[PDB]
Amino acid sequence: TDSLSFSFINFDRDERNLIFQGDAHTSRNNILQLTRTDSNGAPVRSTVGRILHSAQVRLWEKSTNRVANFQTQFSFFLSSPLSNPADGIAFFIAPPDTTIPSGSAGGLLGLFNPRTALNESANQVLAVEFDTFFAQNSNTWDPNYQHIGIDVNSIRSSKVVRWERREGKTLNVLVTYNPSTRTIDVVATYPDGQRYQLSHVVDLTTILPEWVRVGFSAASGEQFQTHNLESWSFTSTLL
């Protein structure tokens, strides 16, 4: 596979190219609802949902020292009745057989096991997190504010920028990887022009295997919110 691209303007109840994990489901409004809701659509405690595209990405080739670039765009909104809604949504990249770790329903965002969430040698994941919950006695790795973070094999972000959750409002995001500069760049905006930018230098060939899957994860622990993925496009080329 030397190039791969796909897009979801919205999400289809009869989709065939998504792997659904945990509580992820497609709503009647063509929204990918990652986390569990009750019969009235209200968010509930202790839930993880994830999606991965069924098509795998060749991120690099050992035999030839080629590396892929990628560009991905997505939009989402979060809703909750709580003053401290939790826990957040992340774009992520992981080995193709990745599954939801035990104990990941909460501040580990469906990406990490509590026993190894800070142990880089035990993980293989790149994530861009939109983290709404930062209580310092439970999310001890977090900054003391809502934030966007680039995560490399750890729930402790390598880089963060302060971010403002806006109840019910859509955030649009562009994430790119440049293999020649080994840079992940993140740009996120709200419709009124409020902008967030974050970057981190990481050689993805050192943290991920040759073939990966890409997708999204979200979770709630004892505090909760819906995590509503509205759209997603992805392009990759193996230079």
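Heads up: residue numbers just count along the shown sequence, starting at 1.
Colleague: Got a sec? Mean C-alpha B-factor, which is higher, 32 to 40 or 184 to 192?
Modeller: Stretch with the higher mean C-alpha B-factor: 32 to 40.
Colleague: Do the CA atoms of 132 to 140 or those of 85 to 93 have the higher mean B-factor in the entry?
Modeller: Higher mean C-alpha B-factor in the PDB entry: 132 to 140.
Colleague: Among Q146, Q73, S157, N123, which residue carries the highest C-alpha B-factor recorded in the PDB entry?
Modeller: Result of the comparison over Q146, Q73, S157, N123: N123.
Colleague: Go through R50, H200, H53, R66 one by one and give the residue whose Cα B-factor in the PDB entry is largest.
Modeller: That would be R66, according to the entry.
Colleague: Going by the recorded CA B-factors, say which third of the chain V214 sits in, lowest, middle or highest.
Modeller: Lowest third - that is where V214 ends up once the chain's C-alpha B-factors are sorted.
Colleague: Quick check on the deposited entry: does the C-alpha B-factor of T176 sit in the lowest, middle or highest third of its chain?
Modeller: CA B-factor rank for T176: middle third.
Colleague: Name the third of the chain's ranked CA B-factors that contains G107, choosing lowest, middle or highest.
Modeller: Answer is middle: the recorded C-alpha B-factor places it there.
Colleague: By its CA B factor, does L78 count among the lowest, middle or highest third of the modelled residues in the chain?
Modeller: Ranked within chain, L78 CA B lands in the lowest tercile.
Colleague: Give the position of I150 by CA B-factor within its chain, expressed as the lowest, middle or highest third.
Modeller: For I150, the deposited C-alpha B-factor lands in the lowest third.
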